[PDB]
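*Asks:* what would the 3D arrangement of this be:
(chains A, B, C and D, ligands or ions: 2)
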Amino acid sequence: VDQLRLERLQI
Amino acid sequence: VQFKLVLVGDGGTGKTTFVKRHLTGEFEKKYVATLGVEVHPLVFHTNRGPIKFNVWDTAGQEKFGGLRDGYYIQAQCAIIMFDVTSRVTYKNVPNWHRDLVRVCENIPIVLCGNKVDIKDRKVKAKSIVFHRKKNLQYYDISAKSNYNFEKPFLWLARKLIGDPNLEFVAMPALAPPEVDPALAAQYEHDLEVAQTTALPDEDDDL
Amino acid sequence: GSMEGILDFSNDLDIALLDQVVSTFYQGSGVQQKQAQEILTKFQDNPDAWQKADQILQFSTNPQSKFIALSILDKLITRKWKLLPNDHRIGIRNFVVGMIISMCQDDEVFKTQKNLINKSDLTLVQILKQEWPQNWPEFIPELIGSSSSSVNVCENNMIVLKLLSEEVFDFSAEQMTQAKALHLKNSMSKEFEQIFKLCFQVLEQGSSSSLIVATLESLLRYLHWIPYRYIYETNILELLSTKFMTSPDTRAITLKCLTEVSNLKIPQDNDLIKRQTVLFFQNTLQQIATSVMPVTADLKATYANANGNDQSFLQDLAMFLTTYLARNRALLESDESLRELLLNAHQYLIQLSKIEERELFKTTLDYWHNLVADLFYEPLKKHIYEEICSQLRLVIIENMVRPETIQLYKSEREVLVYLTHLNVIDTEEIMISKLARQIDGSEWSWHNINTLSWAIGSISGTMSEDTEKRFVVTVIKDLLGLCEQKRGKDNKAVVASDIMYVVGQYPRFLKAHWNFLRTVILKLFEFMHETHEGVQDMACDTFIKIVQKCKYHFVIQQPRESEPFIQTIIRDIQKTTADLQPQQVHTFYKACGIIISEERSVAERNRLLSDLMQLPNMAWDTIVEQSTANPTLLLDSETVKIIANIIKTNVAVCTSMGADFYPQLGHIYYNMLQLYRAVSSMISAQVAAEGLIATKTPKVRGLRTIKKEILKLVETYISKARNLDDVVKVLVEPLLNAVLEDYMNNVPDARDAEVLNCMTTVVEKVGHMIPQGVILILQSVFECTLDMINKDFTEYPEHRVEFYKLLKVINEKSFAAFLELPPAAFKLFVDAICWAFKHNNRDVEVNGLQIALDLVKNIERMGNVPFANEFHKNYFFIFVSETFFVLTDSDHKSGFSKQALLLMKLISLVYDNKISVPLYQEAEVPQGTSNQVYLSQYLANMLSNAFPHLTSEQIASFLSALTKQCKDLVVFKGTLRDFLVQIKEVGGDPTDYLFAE
Amino acid sequence: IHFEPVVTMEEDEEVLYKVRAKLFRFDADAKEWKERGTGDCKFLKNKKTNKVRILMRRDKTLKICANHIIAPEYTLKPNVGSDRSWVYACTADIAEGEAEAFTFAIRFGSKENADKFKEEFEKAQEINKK
Ligand SMILES: Nc1nc2c(ncn2[C@@H]2O[C@H](COP(=O)(O)OP(=O)(O)NP(=O)(O)O)[C@@H](O)[C@H]2O)c(=O)[nH]1
Ligand SMILES: [Mg+2]
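*Replies:* Residues are numbered from 1 along each chain as shown, chains lettered A, B, ... in the order given. Ligands and ions are numbered 1, 2, ... in the order given. Have a look at this structure:
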């Protein structure tokens, strides 16, 4: 799960 | 290129308000019962040219019914209207449909559940099934919020013209004219009154 | 003008003038048309116009004129038939019979005037309903005989029989008495053997398509009521399911007949019947496959093309397939030789479910729900349908509608959840593959990624937690890469939103992966600074939704963190919400209150609460200090908006915290009520200085917003309060002192209906504890609000609704307040209840009927005391007669059930001698007359004057039945509806009221 | 080898301003405002004449509910009941046919949309002065 890098999600 | 459309349903369901909205853009808050019928021409511009509906807006209150099913003769399409805040108006849909198709045996018919803008809806979507076996098109509509207000006419235009891809299009917009001191004092009077009459529904999003 | 000549009945009717008026109405336009219409209506509404109908029908050359003539006759037959001299009855019958025969015999007329003939047939049927069979025993035999001598007559007789069946079995319930409906049903049933013989002979032998179609249309009506033996012991199923499915002329009606056949009452233990039920389905599906379209055909495209009657046909096929299979598919499930038939039928339904037509999709979806629920519970069935279910997964996923179309999404979710349990592996595979074609761009579109995201979100909770975990990871990994790959905030916004949508749908996953849940929230907080349209709403909506489901994880201290995450949210709330609109800030605070209410240590919860409210409380203190030192500020729109938003923030937090909100309420309560008063006098001063128009200005609307939000805050808290002692001893008296006089002493256009609503909640929660307070509420709002609403049914609509809600709860919880009313004011209370009866507005009418019922009960409970006895003397017959009035006046049909209940309670009081005094006056009847006898007498006289065309016998029989039946609401209601039928005509049969007996 | 292959009147104008709005007309005989349409209100600058008009169409049906020059003599006034509307007399609107005079009111989603409309409205008057 931590492998998901959701903090990088950008608009 | 005109088609006769009869509009039927219980008193107070919004038939006349719906037509008025389409004719002038206005929303009439008052309930003035139709007496017998009122006939209004209504033109829509489409990618297949203009289509004219001759709308026979009939009375829903029995004591004002006038000629009743006499109004349906030679209709080419119809709208049956009920009020989703009043179950009785849905219970009566089969009665209006019966009287209608006895005169008009094979015409496109739209069933409209009006007033969906009201939070406390009484005729639940799941309850609305009468159109299935009768091959009627159904739409939730609101003459007040304009929700789906064009769908009945678009669907009928498609059936009447026989083109499933018919679309409403923008009527051409002619250049307006450029344009008297003798009426400078009279237009100022109408303006004072207009300024000091509050606009309605000031809480609406528009 | 000239057209009005037909209205002068002292002259002979100029038939050519009639035809001109009729033409101008039907074929004319504008002003001419409208004048003709008003004339025609006056003509047909003349009570003597029926006398001139035989002229019109003989000598008019205009079919519209004859149609109107028949409408006139219809009114007479329907309402006044039994008053006619018997010679006119026979004459009218003979005229109508002869006219139909003659129209049938002229082939040109028969083909060109279907509308006029159909109207004549219906008029004939009205006469049958009056005369047949008792006065016309030969009608059916002579109909059958005449049918053999002419195809046209035979076809028209099918129309007559169709209409008769409709009038007797489909539309009789609300238009006839129970006794008369039964009489006609029995009469038709008695002679249906002969009718069926003719119908079956025509179907077996006939060749005229038009005659066949008419016969099948009448069969459709018969199937609503006839015994199943006429369908199963004849060869008629064979004909329906083969011969008549081949020609499109008969196909539509035949399919509708077979759908109703699929609904007959059949014994379910007979093997012959079962094979017959299988067989007609097998025949029908074979005819469709060979004569209409194969199962592989693209019904989506066919429907879209909308050729001829294809759309109605596919609609009717969906109805047939779903109706039959919902009932009979078990018949096809065990025999290997029926397996192909079972799956072909379902494959047609698959193809039908791809049609773009919302209402048809709902019809097929209801069936799919029926199927997959059964496969989920019923042993050894799901394997049969594996390939159907796999296709259905794709159909549902690809037509998923927006959840947040409410009803359709829930139905789709339900089916897809079942389909996931049935094969979880197949469901995952379809969704992953679908996501790949979003990434490879082959099915990429804003719409398509949205619907797939909804579908993925919809099956949350169906997978095991382990499988859910790597499914969610895969989905989010893919969605994150998709967002990376797109350009422009347009596309990136859409994909980031769907990511947050999916996340918000899997709280189980969030609750197990704290670090991930933290990352989500911090990303949402980031998005609350993004001004691209929609992002901030999406961010706030996702925040509160996640909070509602995972609040516990924000209120505990998570391992590896220094503090519960709610503390971290509160510390940074100013920066987090800096760019949000007020409405969005309030949602944010509401979400924080949800979390804070999970803290059950009181000192910690209260500290969190006071910390959450730090910003609004500091803004509040400042304005209270300022605005009190200078009331002028409150005209500064900027200060008014600030104030309203502070109070709305309190409402939002109080909404999620309820009883826990009390400490914050105490911080602001006393100054808030002082603010209420200051704003109140500012509103009054503006209306004094500018007039009523002031209430429309932005300044005053802003000021009233403050008042309304204060009332809503107090209502919200009190509705959820757990310590009612504090409500009574701390909150109520300051509240009443602040709001009641202000309401009473403002002009009508400045009174806030919200005051009534707030008072309704006060009475509800603590009314039993504040009897003097309830009296004070009534004194301050009752008469002045009643005077606002008792001049029409339209003005002050909100005050109207709230007024009767307040009286209802006062009558429920503190009826003693009405006892203390001075007698003139109690009379106003009674008038107010009856006034409510007469509204068509359901909101008011229902409460008015309930108040009336509750009031009677309250009086009954008092026993035999002077107030109760005076109540009956003063008001019993007022309630009886006002209830009867709205029952019988045809403008209050929506309240029938509650009117009947009230009337039944009223009558039962008298017939149980629960009224201890005479209801009559001194010397109005002999001493010792029972109230029962007086009630019957009063009602007989009331109905006689109100309905003078009823016979005394009708009235007496109606009342005898109604009285006997006052313990049986169902039967009582039947008798009321029988009375409503009889008052619409002359000469109703008084023995009808013995139906129940 | 050649294979034969298979077989509004706003176009001459520039859009200067566009805003969502609800338009009312005053029925002096009924002493009440009546809605005429809700949709996009556009300021359209003719390429050939540089004359700017208001053109407004109803949603869905696209029927014209306003079509008139933004004359320099017109004056936007506040309505007593709204901080997000303007009232003005119009001498010649052709939305429904023959040029008719009207007292219009136009309301917007926000006070600042209303103020901006006013800004653009007056810029457009300057252009029409020439
Ligand atoms: N909230 C809401 N009210 C509506 C809507 N449509 C109509 N109304 C209101 O319902 C009431 C009745 O409208 P009306 O058009 O006269 O109904 P009608 O069907 O023509 N009645 P009749 O058959 O007697 O002529 C009016 O007050 C109208 O403003 C709607 O969509 N929403
Ligand atoms: Mg009407």
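*Asks:* give me the nearest residue to the residue minimising distance to the centre of chain D, chain neighbours excluded.
*Replies:* Chain D has residue D:54 as the residue nearest its centroid, 3.3 Å off, counting by CA atoms, centre = their mean. Spatial nearest neighbour of residue D:54, chain neighbours left out: residue D:66 (5.4 Å); criterion: CB to CB, 6 or more residues apart in numbering or on different chains. No exception for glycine: its C-beta is placed from N, CA and C like everyone else's.
*Asks:* same question, residue B:49
*Replies:* residue B:1 (6.9 Å).
*Asks:* whichever residue of chain D sits closest to chain C: neighbour count?
*Replies:* The nearest approach of chain D to chain C comes at residue D:81, 3.9 Å away (CB to the nearest CB). For residue D:81, the neighbour count with other CB atoms under 10 Å in any protein chain shown is 23.
*Asks:* and if you look at residue C:787?
*Replies:* The tally of other residues near residue C:787 (other CB under 10 Å) stands at 11.
*Asks:* cool, and the one 10 residues further on?
*Replies:* Taking other CB under 10 Å as the criterion, the count of residues near residue C:797 is 14.
*Asks:* could you do the one 10 residues further on as well?
*Replies:* Other residues near residue C:807 come to 28 when the count uses other CB under 10 Å.
*Asks:* next: the one 10 residues further on.
*Replies:* Here the number of neighbours of residue C:817 (other CB under 10 Å) works out to 22.
*Asks:* in which helix or strand does it reside?
*Replies:* Following DSSP states H and E, one finds residue C:817 within helix C:816-819.
*Asks:* with residue D:67 instead?
*Replies:* Residue D:67 is located in strand D:64-69, with elements delineated by DSSP H and E.
*Asks:* what helices or strands is that strand leaning on?
*Replies:* Counting contacts by 3 or more CB pairs under 8 Å, 6 or more residues apart in numbering or on different chains; DSSP states H and E, strand D:64-69 packs against strand D:32-46, strand D:52-57, strand D:85-93.
*Asks:* let me see the contact set for the closest residue in space to residue C:756 that isn't next to it in sequence.
*Replies:* Nearest in space to residue C:756, with sequence neighbours left out and distances taken as CB to CB, 6+ apart, is residue C:802 at 3.6 Å. Residue C:802 makes contact with C:753, C:754, C:756, C:757, C:760, according to CB atoms under 8 Å, 6 or more residues apart in numbering or on different chains.
*Asks:* what are the ranges of the strands in chain A?
*Replies:* With DSSP state E as the definition, chain A shows no strands.
*Asks:* so what's the most centrally placed residue in it up against?
*Replies:* Nearest to the mean C-alpha position of chain A, counting by CA atoms, centre = their mean, stands residue A:6 at 1.5 Å. By CB under 8 Å, 6+ apart, the contact set of residue A:6 is C:476, C:480, C:499, C:516, C:519, C:520, C:523.
*Asks:* coming back round to it: may I have the helix holding residue C:817 as CSV, with CA atoms only?
*Replies:* The C-alpha trace of helix C:816-819 is given here as CSV (Å, rounded to 0.1, in the frame of the first residue of the first chain):
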residue,chain,number,x,y,z
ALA,C,816,-54.4,21.4,28.8
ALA,C,817,-53.3,24.6,27.0
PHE,C,818,-56.4,24.4,24.9
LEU,C,819,-58.5,23.8,28.0
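*Asks:* show me what that helix is in contact with.
*Replies:* Helix C:816-819 is contacted by residues C:771, C:774, C:775, C:777, C:778, C:810, C:811, C:826, C:829, C:867 when judged by CB under 8 Å, 6+ apart.
*Asks:* quick one: residues in contact with the helix or strand just after it.
*Replies:* Sequence order places helix C:823-837 as the next helix or strand after helix C:816-819, per DSSP H and E. Helix C:823-837 is contacted by residues C:782-783, C:786, C:789-790, C:803-804, C:807, C:818, C:821, C:844-845, C:847-849, C:851-852, C:855, C:874-875, C:878-879, C:882-883, C:885-886, C:892, C:895, C:899 when judged by CB under 8 Å, 6+ apart.
*Asks:* at 7 Å instead, please
*Replies:* With contact meaning CB atoms under 7 Å, 6 or more residues apart in numbering or on different chains, helix C:823-837 is reached by C:783, C:786, C:790, C:804, C:807, C:818, C:821, C:844-845, C:847-849, C:851-852, C:855, C:875, C:878, C:882, C:886.
*Asks:* contacting residues for the closest residue to ligand 1 within chain A?
*Replies:* When scored by CB to the nearest ligand atom, chain A has residue A:11 as its residue closest to ligand 1, at 38.0 Å. Taking CB under 7 Å, 6+ apart, we find residue A:11 in contact with C:489, C:492, C:493, C:496, C:530, C:532, C:535.
*Asks:* spell out which parts of the stretch 651-800 of chain C neighbour chain D.
*Replies:* C:693, C:696, C:697, C:698 (CB under 7 Å from any CB of the partner chain).
*Asks:* hmm, try it at 6 Å
*Replies:* Contacts of the stretch 651-800 of chain C with chain D, taken as CB under 6 Å from any CB of the partner chain, map to C:693, C:696, C:698.
*Asks:* okay, those residues in CSV with distance to ligand 2 next?
*Replies:* Compiled in CSV, these are given as follows (distance: CB to the ion, whole Å):
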residue, distance to ligand 2
C:693, 31
C:696, 29
C:698, 35
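*Asks:* give me the number of residues near the nearest residue to residue D:33 once chain neighbours are set aside?
*Replies:* In space, and not counting its chain neighbours, residue D:33 is closest to residue D:24: 4.4 Å by CB to CB, 6+ apart. Around residue D:24 sit 25 other residues, with neighbours defined as other CB under 10 Å.
*Asks:* then the host helix or strand of residue D:24 to PDB, C-alphas only?
*Replies:* Assessed by DSSP H and E, residue D:24 sits inside strand D:13-27. Provided in PDB are the C-alpha atoms of strand D:13-27 (Å, rounded to 0.1, in the frame of the first residue of the first chain):
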ATOM      1  CA  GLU D  13     -19.500  38.300 -34.700                       C
ATOM      2  CA  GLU D  14     -17.000  38.300 -31.900                       C
ATOM      3  CA  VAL D  15     -17.900  37.300 -28.300                       C
ATOM      4  CA  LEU D  16     -16.700  40.000 -25.900                       C
ATOM      5  CA  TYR D  17     -18.500  39.000 -22.800                       C
ATOM      6  CA  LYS D  18     -20.500  35.800 -21.700                       C
ATOM      7  CA  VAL D  19     -22.300  35.200 -18.500                       C
ATOM      8  CA  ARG D  20     -25.100  33.100 -17.100                       C
ATOM      9  CA  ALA D  21     -28.100  35.100 -16.200                       C
ATOM     10  CA  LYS D  22     -31.900  35.100 -15.700                       C
ATOM     11  CA  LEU D  23     -33.800  37.700 -17.700                       C
ATOM     12  CA  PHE D  24     -37.100  39.300 -16.600                       C
ATOM     13  CA  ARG D  25     -39.600  41.600 -18.400                       C
ATOM     14  CA  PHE D  26     -41.900  44.000 -16.500                       C
ATOM     15  CA  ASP D  27     -45.600  43.600 -17.000                       C
END
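*Asks:* which elements pack onto that strand?
*Replies:* Packing partners of strand D:13-27 (3 or more CB pairs under 6 Å, 6 or more residues apart in numbering or on different chains; DSSP states H and E): strand D:32-46, strand D:100-107, helix D:111-129.
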